[PDB]
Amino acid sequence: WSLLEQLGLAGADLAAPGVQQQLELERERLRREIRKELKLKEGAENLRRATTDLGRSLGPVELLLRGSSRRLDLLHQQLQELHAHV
């Protein structure tokens, strides 16, 4: 799961200038990912409500909503992991 492990920075000197810049970039990316996921979720809730009024199955939408919250979770764990090395 570790974003540091994913980036091959596992046991690197994280205080170095290059690494510190790469991490700031990653934090920015993550922040943008979270915001996008947040809006997709709010939109998905609107769809869930729209589907409720159409009288159709909410299963697909509920699954997307869960996948979206699950993604937000991962994004928060990684963002948290990088806040420790700023």
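So that there is no doubt, residue numbering starts at 1 and follows the sequence shown.
A.B. asks: Which wins on mean Cα temperature factor, 22-30 or 36-44?
C.D. replies: Stretch with the higher mean C-alpha B-factor: 22-30.
A.B. asks: For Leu72, does the deposited CA B-factor place it in the lowest, middle or highest third of the chain?
C.D. replies: Lowest third - that is where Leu72 ends up once the chain's C-alpha B-factors are sorted.
A.B. asks: Which third, lowest, middle or highest, does the C-alpha temperature factor of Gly59 belong to within its own chain?
C.D. replies: Its C-alpha B-factor, which the entry lists for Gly59, ranks in the middle third among residues of this chain.
A.B. asks: Lowest, middle or highest third of the chain for the C-alpha temperature factor of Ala10?
C.D. replies: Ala10: CA B-factor falls in the highest third of its chain.
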